[PDB]
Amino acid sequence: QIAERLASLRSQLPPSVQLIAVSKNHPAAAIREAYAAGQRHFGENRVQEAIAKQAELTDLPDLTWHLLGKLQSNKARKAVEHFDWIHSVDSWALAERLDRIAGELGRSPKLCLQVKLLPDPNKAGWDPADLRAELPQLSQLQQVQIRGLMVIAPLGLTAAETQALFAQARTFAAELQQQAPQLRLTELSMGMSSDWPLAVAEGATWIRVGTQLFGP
């Protein structure tokens, strides 16, 4: 059952790690079951699939929604309106766009900056040099809350190469935090269904789990 799965996962995690329940292939009724078992953070990969599911669940006062997948600049408005956290901020343009929309709507999304530390064919992300160069301008965005980095391993990366990646992310986030005292860069959004134990050992604060929590 969901309650049992959640208990088992939470027993493996230190209090420094929060689990985001990836509700992508699961109905609103499963989200209510998870909520009853104590889950509060829910994640979707796609903006439209999330909106559809959110309307019945607004009775729940402290449900936090996380956008985990690619966000196109023309969907930034809906993302600001519907998500508390956006993990996939992969460029200066998108960060700027979210900030402009956030200011118009009187909202303040919490953001991770999705950084590409390794070559990846099928994934977006900031180039690290560009991210460091844009830090002063990121620091002046007044309507968003930049809180950390998201790192996603390329598909097919080895366990060893993944460990090294997650360590490099931790290391770089601490460097960025030293370069940007204005920013509250406390989070590391890294670790998915098969690699979250490596992520946790390398200092992840947000991990993403789907099937291990929910039914099949």
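Residues carry their position along the shown sequence, with the first being 1.
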query	finding
Residue stretch of maximal mean CA temperature factor, 166-174 vs 49-57	49-57
Per the entry, higher mean C-alpha B factor between 199-207 and 13-21	13-21
Of the residues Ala28, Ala37, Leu185, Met190, the one carrying the largest Cα B-factor as recorded	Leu185
Highest recorded Cα temperature factor - choice among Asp99, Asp120, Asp84, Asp90	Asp120
Chain thirds of CA B-factor: placement of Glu33	lowest
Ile152 - Cα temperature factor, lowest/middle/highest third of chain	middle
Within-chain third of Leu113 by Cα B-factor, per the entry	lowest
Among modelled residues of the same chain, the CA temperature factor third for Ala124	highest
Chain-relative CA temperature factor third for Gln145	lowest
